Every structure is written in C-alpha cells, then in structure tokens.
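A, B, ... follow the sequence lines: proteins, then strands. Residue 1 opens every chain.
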Amino acid sequence: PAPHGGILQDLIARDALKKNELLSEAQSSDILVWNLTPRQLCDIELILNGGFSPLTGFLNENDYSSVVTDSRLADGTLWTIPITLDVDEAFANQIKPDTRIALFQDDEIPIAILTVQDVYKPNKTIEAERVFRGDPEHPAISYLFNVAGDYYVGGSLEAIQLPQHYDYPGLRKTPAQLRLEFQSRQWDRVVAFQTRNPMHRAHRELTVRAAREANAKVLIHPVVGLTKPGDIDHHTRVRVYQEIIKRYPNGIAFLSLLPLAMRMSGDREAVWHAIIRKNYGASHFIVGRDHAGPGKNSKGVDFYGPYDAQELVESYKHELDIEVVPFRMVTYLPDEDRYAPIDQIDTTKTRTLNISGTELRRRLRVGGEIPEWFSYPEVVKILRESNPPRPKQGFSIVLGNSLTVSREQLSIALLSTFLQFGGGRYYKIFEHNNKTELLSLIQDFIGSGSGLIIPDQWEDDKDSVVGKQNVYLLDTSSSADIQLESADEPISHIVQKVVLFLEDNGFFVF
Amino acid sequence: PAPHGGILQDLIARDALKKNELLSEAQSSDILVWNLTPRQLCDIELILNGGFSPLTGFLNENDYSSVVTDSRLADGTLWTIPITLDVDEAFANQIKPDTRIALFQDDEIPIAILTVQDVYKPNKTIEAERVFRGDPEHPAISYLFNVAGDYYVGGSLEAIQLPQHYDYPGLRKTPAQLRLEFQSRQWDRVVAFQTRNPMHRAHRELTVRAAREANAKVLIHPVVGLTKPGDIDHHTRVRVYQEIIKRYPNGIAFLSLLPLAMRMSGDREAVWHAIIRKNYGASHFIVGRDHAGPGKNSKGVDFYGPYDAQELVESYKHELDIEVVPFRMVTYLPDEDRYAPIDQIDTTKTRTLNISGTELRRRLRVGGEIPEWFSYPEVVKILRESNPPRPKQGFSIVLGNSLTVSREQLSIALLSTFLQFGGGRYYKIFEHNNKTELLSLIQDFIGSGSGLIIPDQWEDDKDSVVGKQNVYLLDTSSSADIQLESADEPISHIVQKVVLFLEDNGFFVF
Amino acid sequence: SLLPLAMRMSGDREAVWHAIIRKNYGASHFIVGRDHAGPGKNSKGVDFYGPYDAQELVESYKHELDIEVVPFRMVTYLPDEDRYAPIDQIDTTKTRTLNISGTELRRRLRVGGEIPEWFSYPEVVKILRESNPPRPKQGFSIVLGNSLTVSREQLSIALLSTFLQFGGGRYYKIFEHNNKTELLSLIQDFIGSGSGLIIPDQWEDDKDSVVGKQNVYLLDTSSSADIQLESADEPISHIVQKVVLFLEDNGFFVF
Ligand SMILES: [Ca+2]
Ligand SMILES: [Ca+2]
Ligand SMILES: [Ca+2]
Ligand SMILES: [Ca+2]
Ligand SMILES: [Ca+2]
Ligand SMILES: [Ca+2]
Ligand SMILES: [Ca+2]
Ligand SMILES: [Ca+2]
Ligand SMILES: [Mg+2]
Ligand SMILES: [Mg+2]
Ligand code: NA
Ligand code: NA
Ligand code: NA
Ligand code: NA
Ligand code: NA
C-alpha cells in the first residue's frame, strides 16, 4: 500500500545531492554536536529511511502533545508513539529555534543535521500515564524516567547517512529497498510477521497458514534494535530466523531485519507496528495476543489485556490502509502428527502438547531434550550454543567479608580442588582491588564459561558494575549463597561446602 | 629394598614431637624467614619425607662439590643431582653458620627450620658443565642462570610440615605411606614406571609386560612437581593416569604421585630416579630410551645420547640396590591386532602403526580422529577437553600501531562481524591501557576460549607480560600476522582479511 | 502354502466352506476367527454378520465336518509384562494393554510414522512401507478444471517449474490425455509410480470410470473442487501458491 501520509519520506534519497555539503557542515568546528543514545539511533534510522513516514524529524511539542493525548500528529494523521530527541538541561540551554545541530553516532560518525523548531521540558508523569498506562514497572516508563533526557528538541532532519551497522549488511532492508525486493518478485500481497523472539515450529506453521488464507507471500520482519529487557540477543535470534526461513516452501518467504526500538507499549505499539510495516511495503499484518506486551508487573497484574492490541487496531481499521490478519496460534496434536489452531481443538477430547517459555528455559539450563515437534533441531542447536547448560556455564565464588581464615590459602585450595574435575572449564583467582576496569570483566569471564575465585568483596557502591548472574557469596550472613557455619570454619570443610553447592546447582557433573 | 644409605630419613616422623615447638620458633618475630620458590618446595618435600634419603637437609659446599664432580656425597654415597637452597645476596649476607632460619611457603605456611652449616657462591659455569653437560639451552642450565639464586645455603633441616597441596590428597603418598600400602597387599616385588606425559596404549602394554617378566606388581609413579617446559599440566595428566590405571587387570597396579622437580638431566637424572623409587619402596625400575632427556637443542643436536641413561644406570648396578628392568617399547601390529616389542618386529616384513607426538598434537589441534589402538578413548576425551581444537580455541587480534583508520570503528566492526558466526565463542573489545593488571588477563580470556579485539598495542617492555599463543598482530609491517595492504585500508576490507585469516587457521568453521 | 481361493466374504457360510477346504488340503484342525470372512459393516454402520455367527454355524456342523475347530483366542500386548496374553484373560484386575487398529496403522503408513516392534516385526513393517509409501513419496495429479479462463498452457508450465524447485526426487509431467482411454488409463500408473502429473483439462464425464480417484485433485471454482479457486481468472502466481500449499498441507511436500 501507499506509505502512511502518502509519501515515503526516505530522507537519504531526498538529500542525496546534499551529502557532501551536510557532512562538511556536520564537521565544522562551530556547530553544536549531540551524540545519539542507543534508542535515538534506532529511532533516527526509521525516520531517515521513511520507516516512520510521515515523520521527517523528531516531534516538536505541538505534534507530541497531540500524539500523547489523541494518538495523532497535530494534523490528524494516526500516530500512537511519540518519537522525540531527549537531551539534558546542559545541552538544551545552548539551543534555540532555528539553531542547526549535528547528530552523531559514537561521537565520530555524522548522521544528520537537525534544524531546531522548539525545545521543551515535557511532563514525564502525563506521558507515562497517557501513552504507557502508568505502571512504574512498564519498561518504557522505567526508560522514560531513569534513562531519557528531561528536555525534548523538536525539529526537521536532513540526512547524511543511516546509523552504521557492520553485521547483517544484506538483511537490513530500508522501506524503499524492501519494496523493490517485493516488486522484482512480482509480490503484490505480503503478510508481515513481527517478532522479538526465537521462532519455533508453531510460528512457522502460523505464518504459512496466514499466507495461505490471505493469498499472500510471507515477510518475517524481526526487531533487531531495542526489544524487551532480558530477550535473547539479536545475533542468536537472527541465526534462528536464517535457519527457519529455510523451512518454508521455496519462494514463499523473505527475511528482512527491522532496526526498531520497541517501547513494549502493547496496543498503541501494535498500531505503530501496523503503520511501520505498511511503510515497509507489506499489504497485511498479523497482530498477536498481547502484541508487544511486556507481560505482568510485580503484583502479577497484566500491563495490557490480551486482546487490547487486536481491539485498538480493529478500531482504526478504516484508516490504516493495511489489512490485519486474525491471529490463530496453533498447537501440536501428538495422535494426529500435525498442528491445528488452538481455537479449533479440545471440547471433543483431543490430546495436545506444548512447551512454555519457563520449561524451554529449564531444559536449556539442564541440557535436556527439546522435541522436534516443538522446534526444529537446527534452531534448538543454536539456542543451546548461545545459552549453554550448567556444566558449561561460568560462575564466581566471592569470599565474603566475614571470613577470618586465610583468603590466599582458601583461594588456592578452591583453585587446586576445581582443577581436579574434568570438563574443560578455565579457572582463575581474580583480584579486582575494587577497580571498575577489573570489576566490569567479571561477567565477561562468566560469559566465557570460566570459574572465578574472588578473594574479597568489592565496595557496595560498585555493585552496579558487576552483574549478579552466577555470582555466589560465601559468607556467614544469612544472605550468603553458600553459608558458612562460622567465620573460621576449616578450609577443607569450606572447600567441600563450595564443591557440593556447585554440584547441586549443576556446574559440576560427576 | 632398604632406603638409600640404609635409613628412611622421614623427618616429619622424626620431628613429630617437636612440631609445636618448631612451629612457635618459625613464627617468632626475631627469626629470619626465607620464602621457598616453587622448585625449592618440590625439593624440600622430598627431603622431609625421606624421598631423598640419605639427605637430611640442603647440601653444604662439601657434599655439593663432591656431587658435582664425583656424583657422590662427600662420604661416597652415590648421588647425582645437587639439591641446594639457592638465595640472593641480600639474604645470604644476613646469614652465618649456626643461624637458624624458618623456611615458609607462600609467605604464610611454616615448612621447616634450617640450621645453617655454610653459605657459598657456587660457580654456576662449572655446575652447568659438569652436571647438565653445558648446553645453554638445557632446561636446567636456563633455570640455573636465569632463575636460581647465586648463593647456596647448606644446612640440616627439622620438619614442621610438608608443602601444602589441596589437590589429590589421596594419591600423594610419602615413602613411608607407599611402603605400607605395598605391605598391606603383601606386595614384595614392585616395578615402578616414571612418566611426565600422558599414558597411551603402548605404555599400559609395556608396564604390564614388565610386570609379567619381573614377576612384580606395577607402580605408576608420575611426576607432578616440576617437569619439562611445555608439558601437559599435571591435572590433565593425573586424570589420564586415573583413567588408565582402570585398564590393568584388577589388583596388579597402584597409582601414586611423585612431587619431584625434574631437572631433565638425562643419565644423571635416571640414576637419581632409581634412588628415589628405591626410597619409595620399589624393588624394580624401568629406565627409558632417552630417560629424562630434554630432547634436542636449537641446532638439532641431542642433549643426551638415547642410551646414555641406560648405560650410566648399568654402571652403578652393583650399588643401587634396585633392579633395573630392560625397556622394551612396543608398537601396534594391525594385521595381528596386538602389540609387540619393537626390537622383535620387522625384518620379516610386518606392518606396524604409530602416532608421533607431533601427529597427536596436530589431530588435537584440528579435532581429528585418534584411534583406539593408539590410546583408550576415555584418555583421548580428557586430552581433547584440556587441549580443545581450533573452533573452540580463544584468540586475540591486536590493531597494530601503523593503523590510521578509526580504531573504535574497526573494533566495533570486528565485534559485530564475529557475533554473526555461530559456535558459542564469547567476544570482547579489550582495552588494556598498557596496565599489567589488564595485560596479564589476555591469556586468561584466550584460555577460556574467548576472542578479544585489542584496539592498540602495549609497550614493548610489557611484552613479557602477555603470552604469544593465539595472539595475532594486524598491521602493515612484514612482521604482522595479518598484513594490511596499507595503513588506511578500508574497514570492510580489513574485516574480511581478518575473518578469512581466522577461518584459514581453523578458529571459524562454516 | 498359498491358497488360490476366491473368497465371497460370506461370513458364517464361508467359514464352513473354509473348514471343508482346509480338510481337503490335509489339515486336522482349523481356526475360525471373530467375524471370520466377514466384510465388515454396510453404509449405515450395520454388521453384515454377527461377530460370532461364524463360530456358531461351524459349531452346529461339528459332528459332520471331520476337522477340529480350535477356539479363537486373540491376544494383546501387556507393556508392563513385556508379553502377549489372551484378551479373554486380561483386565478386570486393572492391567495396561496396547494395540494398534487398522485405521491407526493406515494413518502411520500415510504419514511415515513409527510403528512399534511389540505390534509388528520391523522386517514386516518395512515391507508394508515399501508397498504403501508415505505422502512425501506418493504420486498425485492436479487437474485444471473447466471453469479456468487463465491460460492452461502457462498455468501448467508455472506449476511444473514451481514443483521442480522442491527437492525429493518426485518426477513431474504435464499430461495431456485428449480424452483418450489409452492415455487416461495411465494416470493411476504414473500416480502409482510416485509421479506428479499436471493435467491441463478435464476428461469427459463418461470417461470418469477409466480414471481412479486416488490422489487426483480438481483445481476449480466449483464447491466440489479439491483446491477451490477464488475466481476463474485468479492470477497464475496466486493459483500456484494455492496448489503448493494444498499439497504441503496434505503431506506431498515436506520442507
Ligand atoms: Ca529526570
Ligand atoms: Ca492475563
Ligand atoms: Ca572458632
Ligand atoms: Ca646470577
Ligand atoms: Ca638422536
Ligand atoms: Ca591512502
Ligand atoms: Ca459389531
Ligand atoms: Ca476478473
Ligand atoms: Mg543502519
Ligand atoms: Mg605436599
Ligand atoms: Na571516541
Ligand atoms: Na483492556
Ligand atoms: Na601473602
Ligand atoms: Na653418549
Ligand atoms: Na447372528
């Protein structure tokens, strides 16, 4: 269909003949420079390549206010997520309307020149409530208060280049490029599938069925910009998508990566997704159950209703100009060796099988079997490599402050003891001396599968520097992961406590 | 047989009732303390447990001179390797005869009190020549000049405790303990096998044949103290011995670890080994081809003749009091599915198979098959775990000084590129800022299988801090491992050069 | 030994006839099954014969048959005891049993599913799979219905080129029968050989009897079509996709 607003705002194309000129200006000594943050880089790529058509810059207060309260740009164009350039006061103060500033990536690569229209301090309390529903635990609200700048700079953009990416050069198609890929294949009906997770057998099945019903080709369009905290890394996911696209009938599907920064904003995000896929050339779009939903908060309540997304999108159906295809999740029928829509089974007493996210996680943690009816083996293999089981995981044992036994001797005893076991894990007594440059390497060694023996705790104000995954405290305190009977417990007894704790937790298998 | 000199000089036993007293003295504030070096700890353990009977301390100049020139202690007792306490001038100066000094381990554990008899500066030139044959490349000569102290302190020892070891508590039998293990089994004929390497099928076969011919039981007595530079680590080797001892007929063999610091001194060392095994309770000993030989020097010449060891030991046969069993290395006969003594085959046209050390190393490097006729599969599995193949090895790419392209961008491009590949290797851009505490971690990450991207070289006087294994220099210089066509070669071309170099060297497999 | 008999599927009377024939062939004893020689149930689901009619008729003639009839004791598998036991001797005491019906066996052979050794010897199963290959190895025909107004030559060519992309080893052919019996009768021969035929036009109705219906699918707008077209002039690329996805859904193509 036609881009949202009618014209694809591909600014790279629009400004092609101004590239040298804009680059020189961006590099002039007198121009103010703002280094884009990771989320701003995702957003600016989508504005610059027309993925956010009709947007041609970051929203000034006029459009922003209208999006916050009315889900529309000031001119009435449907638009549910505010895209703004958030900066701190020190920068906002040296800015005024008409000022032209250079926007860089990594303080080295000029990306665009922004012509300032306005500078404002938005009420982040109202934004959180009106756009993200108010729950302080909502990923977007957490970001909005703890990470985002307090000042928004509205303005028009002129393109120099899209944010630099060295991985997957072939798969990161812009809207113009994707439309040409579809055109060269004579594809005029394409149904897009959104995802920020690995794809299992059920997803392959549901997308092929969607294609069959809409008489459309398939576009697997995963998000590789920012997704939900804790999600599988995009490199692992892309490997999974590259593997699964090979399981579709030849010529039915195309894989392209979307550098979007999701807000995990449920229904409003679903509408935003529909618009973006339309800009990218899709004729149809699948809106999932709890689409773009961040789950439940700490008290167990849903941030969004499971069908809020499908209902909001349905309310705007007459002006979206992209067909939404009903979501028919499928499940496996052992006795029939096939998959069927969950809305069509049971009631007649029919056996079904499924593996939840929690169960999948468990199996990967213990190195357990994962059935081919659930996920293609080549996909499972990829997931195991990126998320190895306990016998292959790294860890750290921290000698707590309470210890009065020799820390040097206890560290040496632990190292010598661990070196007896087979397995191939690399071990090291690691002294950080409370230095950030050393503390930040702890998770790097753990991520490499190594076992670190840390002779002393770091100061509390350094905690934030060390991730807590697989880090265990050996101490007398009740908070200790491995509790000592006493501060001067004999070294040989301490060693045994540690070895048995590690075995009980799967790090050692005998 | 009886210990060398007639009495087992087990000083731990002799001084049992003086332990508290010696410990208190060792901890007194006025006593001089010497912290034992790694080799001195191996030597003192053997003196203290009677393994070096008749020695009861470190050799004074009188005994030392006699050992150097006559291969005997001043009283005429056969003894071929000088065992002395080497210290630096600053320490030797505050010493005089009769002074009692405490000898510690790790500056914390009191090991013994030494009553000084003399302090002297030996002629390391004559020692190197008379004892180790003079080749500056001999492991012992290298140690003697670059590591050993220039002053020797002769003196009698009183024991507090043997050097502390937290690994393999069960297998480190002292001479008294080993003799009791043999006695409890009624073993009065025992043939000892020396080794500092993994044991393959040929070694199991040769030791069982030795047992059959000498009507003796088998003692596998591997060295776990100091061995030849570059040898497989003792933890890996001990795992191999524990696995292979299970392939002997039940009740025929016993495994015990020897904390000896070898000098790699060929024939003289072979004689020293015979004496030590006699002290440990063995009735027979196997002297190998090029026994305890460090190989060939840089010019390809042998440090020792292949039969020098067997001949020197034979010359002392009438006073050693331990029977030397002829070395009959075996080889595999495919067509007969059995092993036979190499001195009994061929001439009659007989097919044989063998795998050299170089070939074994190659196979482990590429992940190639290693036949069960050569080595038990459970042993091979252990060796692969400790020495993983290239696709599982870590590495570092160092951006050379010549580079004028952005180091930040090139590092980021390499990381993103590497993250595309499967495999499970962990990657990190590692900034050392020429700090020793960071530089020393490079081989730790490589040892954990990780891939480091290092944006700049360290200063030359820091080279010694970073091992060179799997560290590759990307630069324009002809010395570069990955040579750049020019200092400003485009980043995408540089990335491809690096990826293809890594693939060609086996780190990436597609 | 093989018996060249033409059964009538005549249940009880046939069972008696069978007893006489086996006696002629030299047997001293004969087993009369449950619903022996029974053709099953009719269209309304009623049995042509009672399950024990055969055993009862034969029993009524026992004194003049001169061949001993041995009681039929069908057995079933007891997983927990790794053995087989007479079904008339199990259960009641809560005993787990396993069995595979004819319908289930047929299903498994159609999808290429596992068939347990406790049910049938693997060498027997292998033979059955060879003679009754699973869907990815079965032949088929797609018939371009009379309703189509798109080019039949182009649509046939598009289907052939499309099918040739897929792996598998199936042989494909655009097959013109021109309503000739000598060609029509070969359709099931190609299907039986595992081949995929693309037939550009339907044959006349009075020729239907010449072509078996197994694995023959009609692409047409009519509600009777196996693969229903949205319209008579649906674009060729959309028609091709409908056909490929129908074939995949029915197991002929596996990706
Ligand atoms: Ca703030
Ligand atoms: Ca819910
Ligand atoms: Ca205490
Ligand atoms: Ca010196
Ligand atoms: Ca030689
Ligand atoms: Ca140049
Ligand atoms: Ca019935
Ligand atoms: Ca029409
Ligand atoms: Mg980009
Ligand atoms: Mg010790
Ligand atoms: Na920088
Ligand atoms: Na709701
Ligand atoms: Na210390
Ligand atoms: Na010689
Ligand atoms: Na009846």
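Of the N and O atoms on the side chains of A:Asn354 and A:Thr331, not one donor lies less than 3.5 Å from an acceptor on the other residue. Side-chain contact check for C:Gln165 and A:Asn250: no donor-acceptor pair (N or O, by modelled atom type) lies under 3.5 Å.
Within the 4.5 angstrom heavy-atom criterion, no atom of A:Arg209 approaches chain C. Of the atoms belonging to A:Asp335, it is backbone heavy atoms, and not side-chain ones, that fall under 4.5 Å from chain C. Only the backbone of A:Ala216 comes within contact range of chain C, with heavy atoms under 4.5 Å apart. With a threshold of 4.5 angstrom between heavy atoms, A:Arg338 does not approach chain C through any atom at all.
Applying the salt bridge (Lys or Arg N to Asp or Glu O under 4.0 Å) test between C:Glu248 and each of A:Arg204, A:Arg247, A:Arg212 identifies A:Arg204 as the sole match.
Contact annotation: the side chain of C:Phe246 approaches that of C:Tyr217 to within less than 4.5 Å [non-hydrogen atoms, C-beta and beyond].
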